[PDB]
Amino acid sequence: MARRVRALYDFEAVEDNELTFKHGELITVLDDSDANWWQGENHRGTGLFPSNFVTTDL
Amino acid sequence: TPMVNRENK
């Protein structure tokens, strides 16, 4: 199942395939098959983000 | 903020 994580930092997408998010927001992890870049989903849409920008503690 | 590296996406 897709798991939820919370953002530790702001991240603003630079490429079209990246997700934008803000500190404290929830992200759904859709695909963590890659170690450093995960596909997620939030209220803004979907896209890739750095795995080290989030935590499993909600 | 942690450093980001896009070379490896």
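Within every chain, numbering begins at 1; the chains are lettered A, B, ... in the order of the sequence lines, protein sequences first and strands thereafter. Below, each value reflects all heavy atoms present in this structure, side chains not excepted, and no hydrogens, waters or symmetry copies.
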Looking only at heavy atoms, which two atoms of A/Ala35 and A/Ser51 are closest? And how far apart? O-OG, 2.7 Å
Hits for side-chain hydrogen bond (donor to acceptor under 3.5 Å, both in side chains) against A/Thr55, two or more places apart or cross-chain, chain-then-number order -> A/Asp57
Quick one: are A/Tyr9 and B/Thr1 in side-chain contact, heavy atoms under 4.5 Å? yes
Do the side chain of A/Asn42 and the main chain of A/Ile27 share a donor and acceptor less than 3.5 angstrom apart? no
Residues that A/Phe49 engages under ring pair (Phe, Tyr, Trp, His ring centres under 6.0 Å), provided they are two or more places apart: A/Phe21
Nonpolar side-chain network containing A/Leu30, other nodes, edges under 4.5 Å: none
Take atom CZ in A/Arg6; do more than 12 heavy atoms of anything else shown fall under 6.0 Å from it? yes
With a 4.5 Å heavy-atom cut-off, do A/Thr56 and A/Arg3 have their side chains touching? yes
Under 3.5 Å, is there a donor-acceptor pair between the side chain of A/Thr20 and the main chain of A/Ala13? yes
If I compare all heavy atoms of B/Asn5 with all of B/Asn8, which pair ends up nearest, and what's the gap? O-OD1, 2.8 Å
In terms of heavy-atom contacts, A/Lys22 and A/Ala7 come closest through O-CB, 3.4 Å
Taking every non-hydrogen atom, the tightest pair across A/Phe11 and A/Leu19: CD2-O, 3.0 Å
Just checking, is any N or O donor in the side chain of A/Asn36 or B/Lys9 under 3.5 Å from an acceptor N or O on the other one? no
Set of side-chain hydrogen bond (donor to acceptor under 3.5 Å, both in side chains) partners for A/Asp31, sequence neighbours left out: A/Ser33
Could you walk me through whether A/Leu48 and A/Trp38 pass the side-chain contact (heavy atoms from CB on, under 4.5 Å) test, one step at a time? CA-CA 5 Å; A/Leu48 283 164; A/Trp38 288 353; 5.9 Å; no
Are A/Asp10 and A/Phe53 side-chain neighbours, meaning at least one heavy-atom pair lies under 4.5 Å? no
Considering only residues two or more places apart or on different chains, which pairs with a residue in residues 34-53 of chain A satisfy salt bridge (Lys or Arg N to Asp or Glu O under 4.0 Å)? A/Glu25-A/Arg44
Using a 4.5 Å cut-off between side-chain heavy atoms of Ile, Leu, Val, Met, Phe, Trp and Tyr, which other residues end up in the same hydrophobic cluster as A/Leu58? A/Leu26
